[PDB]
Each structure stands twice: as C-alpha cells, then as structure tokens.
Amino acid sequence: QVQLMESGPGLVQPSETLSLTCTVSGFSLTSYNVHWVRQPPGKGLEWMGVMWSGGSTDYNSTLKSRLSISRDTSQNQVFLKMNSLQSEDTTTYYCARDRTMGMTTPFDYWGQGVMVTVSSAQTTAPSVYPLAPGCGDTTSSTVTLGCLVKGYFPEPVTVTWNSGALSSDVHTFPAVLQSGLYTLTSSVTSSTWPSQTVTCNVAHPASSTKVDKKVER
Amino acid sequence: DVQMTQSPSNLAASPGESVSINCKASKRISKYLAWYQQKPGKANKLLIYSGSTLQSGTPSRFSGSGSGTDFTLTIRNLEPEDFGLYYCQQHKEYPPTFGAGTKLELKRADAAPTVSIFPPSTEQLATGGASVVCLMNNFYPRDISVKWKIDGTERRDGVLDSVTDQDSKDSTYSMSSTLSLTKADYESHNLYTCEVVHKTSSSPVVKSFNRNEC
Ligand SMILES: *[C@@H]1O[C@H](CO)[C@@H](O[C@@H]2O[C@H](CO)[C@@H](O[C@@H]3O[C@H](CO[C@H]4O[C@H](CO)[C@@H](O)[C@H](O)[C@@H]4O)[C@@H](O)[C@H](O)[C@@H]3O)[C@H](O)[C@H]2NC(C)=O)[C@H](O)[C@H]1NC(C)=O
Ligand SMILES: [Cl-]
C-alpha cells in the first residue's frame, strides 16, 4: 500500500533548524508530487510547499523565505528544512501525495502528521503520584484508581495499566500546561483492588524515562 | 488562491441518521472538490473527489454533489465509525486549499458522570506540594461544570481541567479537574469538595473529604 510517514524532533529551540523527513513507500517520488502542510494551534490546514515529481520545488509565497524542500529519491525521502520558529508553538506538520495526469488528483494519501514543540526549556521527566480513594471514602465494588503524571516537558507521554493487561475504563486525559510543565491524569477501574495490584506504566520518551507506580492504600 | 468556506463547524447526530456538510469556493472550480475524513490515530482519508466520484472503498452511504462554487457532502445511515472530522480540498489549482473542518459528534443517550475525588498522596506532600483530583467519568452530553469548594467557599484559583474526546466504545466523555496548592495551604483547610452540575441530575453531584480523616 501507499504510505507516507513524517519524522522529526519533538522539541526544537527558537532559531534551531527544524528538519522534517517524509518517508514514502509503495510509489516512486519521480512519479508523484509530495506536499508539506501545517496545522497551527487552533486552526485549519496551511499549504507550505511541494516537492514536484520532476525535481523542482514551489512554496507558499508568504513562507518561501523561511523554507527549503528537497528529496533523496534513492531513500524514498522528502525533506522540509525551516528556520525562524515561534516560541511556544505546537504545530503539526504533514506530508501528502498528489499527481497530475489528465487532471490533478486531490491529495490521495497523507501521513499522520508530527507535532513539534518550540521552546528554549529543558526536557523534564514527570513525577508519578497515585490516585487512590482515602480520607474516609467508602469503597464500592468497582473502584476508580489512577496516576497523576506531573511536571514534565515536552509532550508526549504514554500511560498503560498493568503493562497493557488492564484496559477497563482506561481514560488518559489531555495534559494541561502551567509554569512551563505539563500534568496529566490517567484512570482505570477495578473490582479486584486492592487484593489484586494496579500499576500505571508511564513513559516519557524525551527524557528516556519509564516509571511504574503501584497504586495502593 | 481559492478560498474554501466550509459549514458548519459542528454537527451532532445519532447512528442511523443523515447529515450534510457544505463547502463553497471563492471562485468557480468546475467539479474539482474532494472530501476527506479525519479520525484520531489515522491519516486523513480521501472519500470523494471531482465533486461526486467515490474513491474505491468508500461506502455508498457517502455521496457528493456540486459544480462551480457550491459543494455538499451527504452522509446517510451513519455508522459509529463515521463520527469524526470532515474537510474539503479543492483540486482545481495550486496552491491546494482547504475547508476549516466539521466535527461530527455521535449523539447517544444521556449518561451521568461517575464522580471520584482523590486526596494528595503522601509521596507528593513530601515535596511540599498538593494536588486534589476530581474525575467525572463516562458522561453524556458534553455540557458539564465543576466547582471546587474548600471549607464551603468556592476556590477557582489553582484549578485546571481537561476533557477526553468521545470514547471509541461508548461515545461518552470524561473530565479531570485538579486543584493544586501548597502543602501549607492544603493543611490550613479541612473540607475539600468538588461540585459537579450536569443535565442528568436536578441538583449537583457532590464528593467531599475531610483532610482530618486522611
Ligand atoms: C500560506 O502561509 C500563510 C502564512 O504565512 C497562511 O496564512 C494564514 O492563512 C490563514 C487562512 O487565511 C489565516 O487564518 C485566518 O486568520 C484570520 C485572522 O485572525 C485573527 O484576527 C481576527 C480579527 O482580529 C480574530 O477574530 C482571530 O481570532 C485572530 O486574532 C481569521 O479571521 C480567520 O478565521 C483565519 O483563522 C492565518 O492567520 C494566516 N496566518 C498568518 C501567519 O498570516 C496561508 O494560509 C498559506 N496559504 C495557503 C494556500 O495555505
Ligand atoms: Cl465552473
């Protein structure tokens, strides 16, 4: 099948070069155009430019001076290099394919997009705290437990429960930002706690951390 | 450029019902308008192109009309999988341009939130900080409001909250609210209450604890 896959850093600093790669499979770059599109925070899609099949490039005229698109056909990759990023922005960037034969197709395949955080802040691993009922709260047959994943930067994290084994009513909520750090909660239900152990597994790739926190008591 | 104006930004319907979504081009573009579906965890997917032509694999309940400036996507007999976001793209000329999207919500029966309150952990208090959490799980509709009270007085300072997207299995929402405060502040008060208003109850659902029992 046709596939496009964006990759790049999850965090850049203001004025670092932001290099993105779009890795393709199941078609030839010399037969199709590959476009770059961004979605700023709040907003709809914005065309940035195109890597034409024949090797030329074109750009959004307002962005031209800050973009460079290129490719490596031997490696099935198209690149977007850009500069002059916007402190605290969290744009998502996409690549997508089209062609023109008798007519111009719309974009027939997209990548799933990558989000880039722009900041001069340090990478910071989360502290993980238990969410357990206490302080005189009578425990029903099914209990809601959770983990508070506090004070990390940048996004994202992932949370699983009992290494994937527990998936009853799992909710992992959107993180909130304050004082430059993210905090999220994740909850699950159990009818067999505390006799049976409930543990959240929290990964924060940017800090290379993976921590388990058993919820008890 | 061809500016695409899409409407509406939002729809809500039940499985089995029908919705339509309009795009209007700022210039005539013959039949060259395409429709896409966006869904969490998936790349944007081409449904229709050239106004009315279904991509191979698109179910027959999707149809498109229009030529010139005015286009409409109609989705009949809605499946759960159809709830998500739709957008249009013209493919008459470069630059590619796009509608602003329509988010289609799955309208299910009302569901009252399961409300849980959680005191700070001793692990966190060791650090000099306290977070009190209130979860409001598996409710419908989206509309909800949560109040924190500390010794009977509303606290809005130090409260942040967030809400999940509609659940893939039961189409509900869930909300988390966190009251953050210093250990000293936390220990200067006794009663912590989160107060939750939703159309499923004629008065608020209240969960409380007294710190003196912790
Ligand atoms: C080429 O790249 C350009 C960036 O260099 C892209 O420009 C963006 O284009 C979109 C769509 O036209 C703009 O979005 C609109 O913004 C206006 C203005 O919003 C602000 O002001 C009003 C009134 O004071 C306020 O109501 C808003 O909340 C904002 O404070 C809105 O009225 C529109 O609804 C819409 O969001 C971008 O603002 C614009 N960005 C910049 C940085 O100029 C352009 O889309 C690209 N071209 C292509 C073909 O994609
Ligand atoms: Cl026309």
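Residue numbers begin at 1 in each chain, while the letters A, B, ... track the order of the sequences.
Atom CG in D169(A) sits 8.0 Å away from atom CG in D167(B) (nearest 0.5 Å). Between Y32(B) atom OH and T105(A) atom OG1 the span is 12.0 Å, to the nearest 0.5 Å.
Here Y173(B) and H171(A) keep their ring centres 6.0 angstrom or further from each other.
Using a 4.5 Å heavy-atom threshold, the side chains of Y129(A) and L125(B) count as separate.
Contact residues of residues 46-70 of chain B toward chain A are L46(B), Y49(B), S50(B) (heavy-atom distance under 4.5 Å). Using a 4.5 Å heavy-atom cut-off against chain A, the contacting residues of residues 156-166 of chain B are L160(B), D161(B), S162(B), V163(B), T164(B).
Between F118(B) and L131(A), the shortest heavy-atom contact is CD2-C, 3.6 Å.
Chain B forms more heavy-atom pairs under 4.5 Å with one residue of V143(A), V176(A), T100(A), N60(A) than with any other, namely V176(A). Of the listed residues (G49(A), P133(A), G44(A), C135(A)), the greatest number of heavy-atom pairs within a distance under 4.5 Å of chain B belongs to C135(A). Per-residue counts of heavy-atom pairs under 4.5 Å with chain B were compared for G146(A), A132(A), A96(A); the largest is that of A132(A).
Contact of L148(A) with chain B is made through the side chain alone, with heavy-atom distances under 4.5 Å.
Checking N137(B) against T144(A) by side-chain atom types alone, no donor-acceptor pair falls below 3.5 Å.
A salt bridge is absent between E123(B) and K214(A): the closest approach of a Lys/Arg side-chain nitrogen to an acidic carboxylate oxygen does not fall below 4.0 angstrom.
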